[PDB]
**Student:** 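Here's a structure for you.
Atoms considered below: every heavy atom in the structure, side chains included; atoms not considered: hydrogens, waters and symmetry mates. The sequence lines fix the lettering, A, B, ..., with proteins before strands; numbering per chain opens at 1.
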Amino acid sequence: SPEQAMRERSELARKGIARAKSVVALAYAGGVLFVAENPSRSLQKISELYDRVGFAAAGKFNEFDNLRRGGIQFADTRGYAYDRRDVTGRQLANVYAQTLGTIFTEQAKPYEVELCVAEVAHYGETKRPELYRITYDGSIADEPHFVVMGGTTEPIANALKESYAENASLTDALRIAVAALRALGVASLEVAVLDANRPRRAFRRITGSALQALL
Amino acid sequence: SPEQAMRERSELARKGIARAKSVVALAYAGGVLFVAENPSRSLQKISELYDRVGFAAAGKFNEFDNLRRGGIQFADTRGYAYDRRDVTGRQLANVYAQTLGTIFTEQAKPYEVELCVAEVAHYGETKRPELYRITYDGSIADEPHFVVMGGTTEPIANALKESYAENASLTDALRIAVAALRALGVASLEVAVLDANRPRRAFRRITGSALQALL
Amino acid sequence: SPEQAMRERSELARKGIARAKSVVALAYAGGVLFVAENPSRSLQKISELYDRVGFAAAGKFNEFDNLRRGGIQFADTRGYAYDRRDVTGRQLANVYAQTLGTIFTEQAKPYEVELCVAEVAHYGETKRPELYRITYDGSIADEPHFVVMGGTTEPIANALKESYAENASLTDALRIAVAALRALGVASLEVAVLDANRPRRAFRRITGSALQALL
Amino acid sequence: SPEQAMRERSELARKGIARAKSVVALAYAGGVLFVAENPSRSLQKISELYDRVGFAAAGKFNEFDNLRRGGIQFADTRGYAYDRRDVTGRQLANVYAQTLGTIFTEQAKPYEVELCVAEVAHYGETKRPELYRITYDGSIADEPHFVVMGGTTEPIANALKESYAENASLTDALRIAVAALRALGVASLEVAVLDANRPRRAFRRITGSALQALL
Amino acid sequence: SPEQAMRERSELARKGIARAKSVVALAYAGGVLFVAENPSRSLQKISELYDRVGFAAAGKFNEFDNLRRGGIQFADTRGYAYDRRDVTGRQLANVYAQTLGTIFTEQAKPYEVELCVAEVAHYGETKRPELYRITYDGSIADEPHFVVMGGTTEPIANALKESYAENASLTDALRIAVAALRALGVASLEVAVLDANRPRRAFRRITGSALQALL
Amino acid sequence: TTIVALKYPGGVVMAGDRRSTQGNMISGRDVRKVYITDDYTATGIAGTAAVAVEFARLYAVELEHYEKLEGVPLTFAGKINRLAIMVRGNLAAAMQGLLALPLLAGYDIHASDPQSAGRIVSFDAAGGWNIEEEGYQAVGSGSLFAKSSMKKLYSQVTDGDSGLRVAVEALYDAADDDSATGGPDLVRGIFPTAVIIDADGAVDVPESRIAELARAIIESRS
Amino acid sequence: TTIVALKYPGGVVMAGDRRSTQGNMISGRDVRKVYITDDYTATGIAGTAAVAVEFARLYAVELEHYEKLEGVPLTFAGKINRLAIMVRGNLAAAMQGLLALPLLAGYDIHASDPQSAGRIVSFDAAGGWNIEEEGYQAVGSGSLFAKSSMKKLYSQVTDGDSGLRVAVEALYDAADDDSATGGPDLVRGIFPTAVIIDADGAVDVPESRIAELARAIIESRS
Amino acid sequence: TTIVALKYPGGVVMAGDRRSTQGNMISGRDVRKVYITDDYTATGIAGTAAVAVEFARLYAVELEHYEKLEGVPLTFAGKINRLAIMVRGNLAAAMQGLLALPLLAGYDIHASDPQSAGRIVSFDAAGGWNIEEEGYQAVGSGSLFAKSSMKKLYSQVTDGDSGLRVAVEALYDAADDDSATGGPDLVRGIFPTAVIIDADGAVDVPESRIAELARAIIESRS
Amino acid sequence: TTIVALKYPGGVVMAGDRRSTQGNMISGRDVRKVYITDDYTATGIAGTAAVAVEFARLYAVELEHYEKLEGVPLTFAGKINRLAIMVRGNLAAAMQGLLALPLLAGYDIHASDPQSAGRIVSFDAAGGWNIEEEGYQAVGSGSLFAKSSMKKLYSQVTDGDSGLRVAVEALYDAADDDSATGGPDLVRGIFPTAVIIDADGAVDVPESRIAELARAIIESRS
């Protein structure tokens, strides 16, 4: 009776992901903005995969750490195989979905993680940012505006669907993100941005005095 | 029904770790201080991993002995691969967390151990000591002040949260450690310190006349 | 439910070891004295591992025979690898504990054996003899004075804790051993001694006229 | 619950061995005498392993046939490895015990066999014959006088413990053996002797006119 | 509980063999006579293995066909390895018994077959023919006069034990065989003989006019 | 092929020629042999043209991969060890005719003295490495002439401009004494490429300054 | 090294020399080259001294192992096949300098005629075997002289004593014509070893009879 | 390349030169060939420059790894065995042109006599080792001249200063007689490096004393 | 290198020289080549110095391992077989230049006659072994001279002292006739080492008796 087994595994994964912090990613005029509740200064829930691809997750650290390492390995191998301009976020999202789907069925314990992949345009080009969502069972979905994962999501989604204005600024988008997450000072916050005005590498972290002034 | 299996494994691990001696690690002006209740003079619950990394554990000896050996092997291989200054306690803590997480699920009997990793600054540098905690299921956490593991921990934690004064001395910190553990002479005690004023290797044991005078 | 499985395996091992003869090992001025109840002249429960290490066990013969063979192989390989003076009883005890711990969990039937490792000082040196105890599940403990294994042990331990005088002689220690085991002539007895006044090899058996005169 | 499994396997082995013919081996002045109830002239329950070692068993033919073949292979390899005089019956008995112990636990069906190994002195030497008994679970025991296996053994043992006279003759020992087994002419009998007055090979079969005259 | 499993497997094998045709093999002055109820002209239940060894079986065709092929392969390899005169029916019977015993335990479904091996003397020699019987579980037995297998056997055995006269002729033995099987013309009969007056190969089939005249 | 590197107070500088040949026939005229590996290092490989492009690409990929995995850049010793391992792993290819001779120059941001943070590392065939303490080094088929020129011209180095001028003059001397090294091309307009590393990072030198320096040197030597 | 074998009515006989050399230097004086394989066969191997001892030991072990496993001794054809396989499996070693040349003599208990049950089998380098029908054979470095001697002396063979005398004379002739073969040693007291196989089995010949025959031959030739 | 070692009452001393060459061309001027392996041992490897750096690093890593794993340092015999195994495992590389000749000097803390605890061990190509009982040893391309010098100068050794002076003089003689060994450089200021091991441990010798001794020797020989 | 062994009534004796050379240059002066394998055997290996030390160590380890595993010591035939297997397994190394020539001497405690329990076994390159029946044997580069000396001096052997004197004289003759064998050193005080095996076991001979015998022989030959 695979019905009971799949129901139990889905319940286990849902209960594992439910008791976790929330991560919010949204797109502004300069790219994508990642904000997470990370009191620890040594463990990071937001990172980069390639020159234009970003990584974000919520759940158990030892799982999405391995997922991030595998994604970085795949991106580097693919970039060296053909070219640096032939790497797209869709290829990484598909690999993540396949890996999670394989883990869910065969492995005794499923992964209690939620993944999001974001990409931006290259230098001197105009393109809308792309956001993808990958769940524990391997489902992949496309989100045009924002992705909310971790803990409860309905109130946060309803708060974000109200004050979200397209083509906003960094300070304004940060204010909306903090207000939505609150419903938090320099501490207990991790902020990263994918800047589309950079020559090659678009990922950079904002902490300390710059984060204090912006917030 | 993985719910029952995981509950039973967690209960087994908790019951195994509950009936064990207590280990306390705290940071003072000179580095980190390790104090443990070890009547045996031949079996050690505190050791070193690299030039600036220390090891401490509580539980079954044949398990964290293998864990210590694996950590030493990994540290030596990594140091020879790139450089001696490229080895950090976070890399060892992540490896330990992954190993424990893999052991918990696949292996028939989980490990009834608790691990702690401590690191100090290099010579001629100023940095706050870092302490990490790894549990049986693979959870990794960051502790700024002290780590208490083994047996009951609530009364010891409440006692330590009272008399702990930052930037203390070796004798004073030893007195707080002994008082917290009591709530013990030369016998039934193991004391080790990570000294940050040493040129290369920071680990040394204090026993005999020096331990008698300090206590 | 690993609780029931581990309880059942422990009960099986305890019941297997309970219905067996008793072995007593104690330290005297000349080293360590091994006395066992072995009516058979061809099967031996006491042997040697290296120049200064002795072996003793109680239980099923086909199990600790393999354990003795593995210990001898390990000791010979280690001695040839580095040096003859780099072999210590702690290294053999740790290997035995790891092997028994691995056997207990993975293998369908656990081993109903009890192991003891004894070591003495080298020639022209003064050091206290070391005794170790290894149980079926892999627990390793340090005993300063004596080890009692096989069958019932409480009455024998209480009898030995009374007449045991430190720095005794061979005849007196043999008398205490025989009296404790009785509570036996040349037959149904196996006696071996680790003599610390020998140049290189410390193990020798005493049987026949010499055993008759001593007893 | 390994208790039930081991009880069931032991009951299966006991029931298998119970419904079988009886084999009696005893030592006389000239060596060892093997007598068995074997109506078949083509299947043999008594054989030889080396120059001074004999084989005897009771149970299922296809099992102790393989055991005999393995013993012969081991004896030949060991004799060629070092020397012909370095082969002893204890080495074969230990190998048989280990093989039976391994078969009992891992294999789905245990072996319903009983083994006995006999050895005699070399030419121009005086030594008492050695007899060993190996059971289905791998237990090895030493018997000084005689071994009885197959079917019921208590009445046969009580009959043999009465008329057994040490240092008897071939005819007298054969008479005691036949009388004990009866409580049988040329047919339904297999007789073999390990003669210690032979130069190199001690095993020979007695059948036909010589067996008729002796009986 | 291996008792229930072995009882069930034995019941399965007995029920499979019960609903099958009967094969009768008996020895006459000229060798061995094989008679079977085989309406099919293309599938044969009687064959040859070597120059002096014959094969016969009853049960499922796809099983004893593989058994016959394996026996032929073994006989050819052994004959080429040492000599043609070193091949005996006992060696093939032992191999068949071992193979059936291994199949019965490990394999999920046992084999519902009954095997018989017959051998005759070489040219210019006098020896009594040898007949062996192998059952599904691997039991091997020696039969001096005749073997009956397939379907019910008690009435056929009682009929054969009455009119069987030693040192008979081909026609008379064929008449006894047909009478015993009836309690059948050219059709629904397979007849083969091992002729001991042939130079090298002793197996030949009798069908058609010769079988009509003999019957 | 010739690549030179020298130290000046406040940083380092590297330069190379733009000629590739197949025996005695000229096949390349605008080959680039100096690459920027990361924010504070530059690498120049001499020998077979095909091997150098793959070597620099693999080195940069490895450094970036480690940085991304660990989140912290490698130390100078780690980079030197990785380069030495890469060189040592190509002994069979070098014996078969695919030989590469790299040269490394970088700026150490962890050094106590900011005015002596420039480093030059040279490698040998067996895979050994050495840190230059004299202030200059050269590799290639005309490295001897360039080194001899710098031995006399190093007394005039004061800042980045003096170091660049000395490097261009050394390349000119090497091209004068060696037919496998290409000199300045006034008819076509091809000049050597240079890289300057300082406390702010590694920046490519524009062609205008190199052309001006080459013209001044040619006028002086006329 | 020379081993001879011949047939007489009622059995066979074998003999060999006792000299081993390393080039032109004598290194052995009491080497035994004839062994008893089983109750009715004898084997003599020529060539390298080390290989023969291992060959005879392996052959005897294999025969005894088969006898113990099956309970019935092998036939003559089976033993010949096993020996041929053993010889053929050593071609590479022979090409590398470890060459062995065996000779087999046995008594067939299953033969119809008890007076013609003696067999002599010779082997070649490739591994082929042949059953001698002339009554004698020899192997070694002096086998030609011994065979030529037996070709003339075979008319005097009537029983075991005549065959033994002819074998000793053939060995004496081979030692006379070949410096690698050792003759009788009257000063030291070393004589060739012999084995006689008959219907009762293979028995070693005592040294007294061989010494007497050698002394008689020496006196006759003086 | 030349490394010398000698015993004095209370410890040992080691020293080496600072020259590396590629055929007849000088390529190195400040090469260090003496390393401190642990608290009481020193190692000096001669031959190819690249192999020695890797050898010393591997040896130190192995010793530290064993110490950390077991909690007790190895004995002198164990260290000698490990070094011999390392040397023996490089026979193919030595035959291919990567040859290393190590020299070991250490202080035994477990020796009964504190005044005779100094040990010098030398190794051969096949991997064998020997403990020197004469008091001095040398390796390299100019080891014969240095050994001949010490054979006459060893009578003046009384303490650490005398041993250091004798070692410097032997290195000077080896450099005088061999063109592959570099002597003192008064113009540049480069002097040989030395290590002294005593009951307190192994300490590097400051350059001032070595420079003073070299100047005194040069003045005496003028 | 030369090792000699001879039998006397009641036991055996072995001895060897103390010189090692690398071509024509003397590199060793106190090398020991005779070892005690167990309570009743001694082994002496000639050839490459590095191989002998490893061979003796492996042989002793194997014998002790078997004794510990089985609880009963091996017979003489088993030890001979193990040594022969060890020698045969080194044919490729010997062909590559790592050759070892062992010599074995032991006392058989299971022999019926206690006065003839001494055994000497010699081995060849192919791996064969032979038990000496003449009473003496020698191996090495000067074994011929030593054997010729013992052939004339063996008539004076009566007990252990006579055997030791004859062995020392044979070593002296071998050193006199061969430049690779080292004779007694009166200036330095180095003498050959000897081992005596009797019914009580194998005991090393003190240096005083060997020195006295050497001085007496030198005085007699003067």
**Student:** Looking at H:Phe191, does the NZ or CZ of H:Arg18 lie under 6.0 angstrom from its six-membered ring centre and within 45 degrees of the ring axis?
**Tutor:** no
**Student:** For a 4.5 angstrom cut-off between non-hydrogen side-chain atoms, does H:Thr41 reach H:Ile197?
**Tutor:** no
**Student:** Taking the side chain as C-beta and beyond, is there a heavy-atom pair between H:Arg188 and H:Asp30 under 4.5 Å?
**Tutor:** no
**Student:** Is the closest side-chain donor-acceptor distance between H:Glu132 and H:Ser122 under 3.5 Å?
**Tutor:** yes
**Student:** For I:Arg32, does the CZ atom have more than 12 heavy-atom neighbours from other residues, nucleotides or ligands under 6.0 Å away?
**Tutor:** no
**Student:** For the residue pair H:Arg82 and C:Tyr82, would you count it as a cation-pi contact if the rule is NZ or CZ under 6.0 angstrom from the ring centre and within 45 degrees of the ring axis?
**Tutor:** yes
**Student:** Does H:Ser116 reach the main-chain N or O of H:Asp113 with its side chain, forming a donor-acceptor pair under 3.5 Å?
**Tutor:** no
**Student:** On a heavy-atom basis, which atom in C:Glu119 and which in C:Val87 lie closest, and how many Å separate them?
**Tutor:** OE2-O, 4.0 Å
**Student:** Could you give the side-chain donor-acceptor pairs of residues 73-81 of chain H under 3.5 Å, partners two or more places apart or in another chain?
**Tutor:**
residue	atom	partner	partner atom	Å
H:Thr75	OG1	C:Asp86	OD2	3.2
H:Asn81	ND2	C:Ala81	O	2.9

**Student:** In terms of side-chain geometry, is the basic nitrogen of B:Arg198 or B:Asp51 positioned less than 4.0 Å from the acidic oxygen of its partner?
**Tutor:** no
**Student:** Verify side-chain contact (heavy atoms from CB on, under 4.5 Å) between B:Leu170 and B:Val193, making sure each step is shown before the conclusion.
**Tutor:** CA-CA 9 Å; B:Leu170 199 34; B:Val193 287; 3.9 Å; yes
**Student:** Run H:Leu101 and H:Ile45 through side-chain contact (heavy atoms from CB on, under 4.5 Å) and show every step you take.
**Tutor:** CA-CA 5 Å; H:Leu101 318 157; H:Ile45 311 103; 5.8 Å; no
**Student:** For the residue pair H:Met150 and H:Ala138, what are the closest heavy atoms and their distance?
**Tutor:** CE-CB, 4.2 Å
**Student:** A side-chain contact here means heavy atoms from C-beta on lying under 4.5 Å apart; do B:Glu190 and B:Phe34 qualify?
**Tutor:** no
**Student:** Which heavy-atom pair separates H:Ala167 from H:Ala15 by the least distance, and what is that distance?
**Tutor:** CB-CB, 4.5 Å
**Student:** Quick one: does any side-chain atom of H:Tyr66 pair with a main-chain N or O of H:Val72 as donor and acceptor, under 3.5 Å?
**Tutor:** no
**Student:** Picking from H:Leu104, H:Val121, H:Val87, what satisfies side-chain contact (heavy atoms from CB on, under 4.5 Å) with H:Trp129?
**Tutor:** H:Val121
**Student:** To the closest 0.5 Å, what do you measure between CD (H:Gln115) and OH (H:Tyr8)?
**Tutor:** 10.0 Å
**Student:** Can you tell me how far apart OH (H:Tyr59) and CG (H:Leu83) are? Round to the nearest 0.5 Å.
**Tutor:** 4.5 Å
**Student:** Please check if the side chain of H:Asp124 supplies one atom and the backbone of H:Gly128 the other of a donor-acceptor pair under 3.5 Å.
**Tutor:** yes
**Student:** Hey, are the side chains of H:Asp38 and H:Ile36 touching, using non-hydrogen atoms and a 4.5 Å cut-off?
**Tutor:** no
**Student:** Any chance you could measure H:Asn90, atom CG, to H:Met86, atom CE, to the nearest 0.5 Å?
**Tutor:** 10.0 Å
**Student:** Do NZ/NE/NH1/NH2 and the carboxylate oxygens of B:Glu125 and B:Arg85 come within less than 4.0 Å?
**Tutor:** yes
**Student:** Report yes or no: does B:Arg205 contribute a side-chain atom to a donor-acceptor pair with the main-chain N or O of B:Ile46 at less than 3.5 Å?
**Tutor:** yes
**Student:** Once rounded to the nearest 0.5 Å, what's the spacing between atom CD1 of H:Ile196 and atom CE of H:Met14?
**Tutor:** 13.0 Å
**Student:** Going through the checks in order, is the side chain to side chain donor-acceptor pair (under 3.5 Å) test met by H:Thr1 and H:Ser141?
**Tutor:** CA-CA 6 Å; H:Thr1 289; H:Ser141 51; 5.8 Å; no
**Student:** Assess, by modelled atom type and distance only, whether the side chains of I:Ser20 and I:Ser27 contain a donor and an acceptor separated by less than 3.5 Å.
**Tutor:** yes
**Student:** Should B:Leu194 and B:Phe203 count as side-chain neighbours, where that means a heavy-atom distance under 4.5 Å?
**Tutor:** yes
**Student:** Give the C-alpha distance, both sets of side-chain angles, the deciding distance and a yes or no for side-chain contact (heavy atoms from CB on, under 4.5 Å) between H:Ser162 and H:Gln156.
**Tutor:** CA-CA 7 Å; H:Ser162 317; H:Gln156 297 150 24; 5.7 Å; no
**Student:** Where do H:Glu62 and H:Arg57 land on the side-chain contact (heavy atoms from CB on, under 4.5 Å) test, with the steps shown first?
**Tutor:** CA-CA 9 Å; H:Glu62 151 155 73; H:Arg57 209 181 169 222; over 6 Å; no
**Student:** Assess whether a salt bridge exists between I:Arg29 and H:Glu134, defined as any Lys/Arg side-chain N lying under 4.0 Å from an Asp/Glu carboxylate O.
**Tutor:** no
**Student:** Determine whether H:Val157 and H:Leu6 make a side-chain contact, defined as any pair of heavy atoms from C-beta on separated by less than 4.5 Å.
**Tutor:** yes
**Student:** Do the side chain of H:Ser149 and the main chain of H:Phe145 share a donor and acceptor less than 3.5 angstrom apart?
**Tutor:** no
**Student:** Could you check if a side-chain atom of I:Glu212 sits within less than 4.5 angstrom of a side-chain atom of I:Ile210, using non-hydrogen atoms only?
**Tutor:** no
**Student:** Quick check: closest heavy atoms across C:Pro129 and C:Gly31, and the distance to 0.1 Å?
**Tutor:** CG-O, 4.2 Å
**Student:** Quick one: does any side-chain atom of H:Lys7 pair with a main-chain N or O of H:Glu133 as donor and acceptor, under 3.5 Å?
**Tutor:** no
**Student:** Kindly check if the number of other-residue, nucleotide or ligand heavy atoms within 6.0 Å of CD (H:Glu70) is above 12?
**Tutor:** yes
**Student:** Determine, for H:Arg221 against H:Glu169, whether the closest basic-nitrogen to carboxylate-oxygen distance falls under 4.0 angstrom.
**Tutor:** yes
**Student:** Within the distance-only criterion (no hydrogens, no angle test), does the side chain of H:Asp178 pair as donor or acceptor with the backbone N or O of H:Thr181 below 3.5 angstrom?
**Tutor:** yes
**Student:** For a quick test of reading the model, state the closest non-hydrogen atom pair linking H:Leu164 to H:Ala194 and the distance between them.
**Tutor:** CD1-CB, 3.7 Å
**Student:** Supply the atom-to-atom distance H:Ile3 CD1 to H:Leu103 CG, rounded to the nearest 0.5 angstrom.
**Tutor:** 7.0 Å
**Student:** Ignoring hydrogens, what is the shortest heavy-atom contact between H:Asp17 and H:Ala180? Give both atom names and the distance.
**Tutor:** OD2-O, 4.4 Å
**Student:** Are B:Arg200 and B:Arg84 side-chain neighbours, meaning at least one heavy-atom pair lies under 4.5 Å?
**Tutor:** yes
**Student:** Between H:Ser220 and H:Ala216 (side chain of the first, backbone of the second, donor and acceptor by atom type, cut-off under 3.5 Å), is there such a pair?
**Tutor:** no
**Student:** Measuring from C:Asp195:CG to C:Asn197:CG, what's the distance to the nearest 0.5 Å?
**Tutor:** 5.0 Å
